[PDB]
Amino acid sequence: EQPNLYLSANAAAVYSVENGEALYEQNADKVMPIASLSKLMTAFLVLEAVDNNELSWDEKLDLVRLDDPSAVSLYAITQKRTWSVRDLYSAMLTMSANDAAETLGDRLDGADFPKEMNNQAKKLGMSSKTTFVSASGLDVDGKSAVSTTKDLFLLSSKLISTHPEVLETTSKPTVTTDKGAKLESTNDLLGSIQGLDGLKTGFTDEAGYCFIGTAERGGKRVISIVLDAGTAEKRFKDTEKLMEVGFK
Ligand SMILES: [Mg+2]
Ligand SMILES: [Mg+2]
Ligand SMILES: [Mg+2]
């Protein structure tokens, strides 16, 4: 019926976008920490704001300071405080810059941005098992962003169908910002899996190594979800297996 895969991931799935069919599921209903996968919801809300004439790509914003030393940040590697919304959006999606994400959320709704993330989750049809806590996906006061592979499929599918141009950014192995700095994608499978054009990585000790992949072949798009794989390499090895199933 559905194949017998041996994955590192503790929860994993791959789905057909066209009709929603699950082609493989493992712990698909299990609530899991999702870390920087949260940035897909922040991206959705940024893209909505621009379409709705509520945000401009050329607004210049100041990077928020992170109190977490170990968190990936745009400021740490550039020492530049002020960036365009375009460049912050690119940094968030490409290198998983937590400060860029927090800065965008602040601009959109101040301290109430997590409430807007969860409002959008509901509006889009995600289940009660999903809760966002921050624009970046960094923990807040001991609370973690969590979801399921089923809900992450829905978020990713809605993001891609509503804003197909997101893949213009997530398909790039390197992004040259408008400021000038070049940012490197965390998606190591770009150029390794034919048709793969997204979507987003995540990693903390608690969440393990995570990846939402998407690829289109012959007019058929699939979305793969990998949560809590054991190494960075393993999340992508798992994704290779899921993509094989997805296009079988
Ligand atoms: Mg809208
Ligand atoms: Mg759009
Ligand atoms: Mg663990």
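Counting starts at 1 for both ligands and their atoms, following the listed order. We number each residue from 1, following the sequence as shown. Heavy-atom basis, side chains included; hydrogens, waters and symmetry copies ignored.
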Run the side-chain donor-acceptor check on residues 219-230: report pairs under 3.5 Å with partners two or more places apart or on a different chain.
unit_1	atom_1	unit_2	atom_2	d
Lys220	NZ	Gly246	O	2.7
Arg221	NH1	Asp197	OD1	2.9
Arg221	NH1	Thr214	OG1	2.9
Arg221	NH2	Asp197	OD2	3.0
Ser224	OG	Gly213	N	3.4
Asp228	OD2	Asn10	ND2	2.5

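- Residues satisfying the ring pair (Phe, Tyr, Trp, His ring centres under 6.0 Å) test with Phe113, not counting sequence neighbours, are none.
- There is a side-chain donor-acceptor pair under 3.5 Å between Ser144 and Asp139.
- Residue pairs meeting the side chain to side chain donor-acceptor pair (under 3.5 Å) criterion with at least one partner in residues 231-240, sequence neighbours excluded, are absent.
- Excluding waters, the protein N/O/S atoms found under 2.8 Å from the Mg ion (ligand 2) are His163 ND1, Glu165 OE2.
- For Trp83 against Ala181, the heavy-atom pair with the smallest separation is CH2-CB, 4.1 Å.
- In this structure, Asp68 and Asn98 have side chains that are not in contact, with every pair of non-hydrogen atoms separated by 4.5 Å or more.
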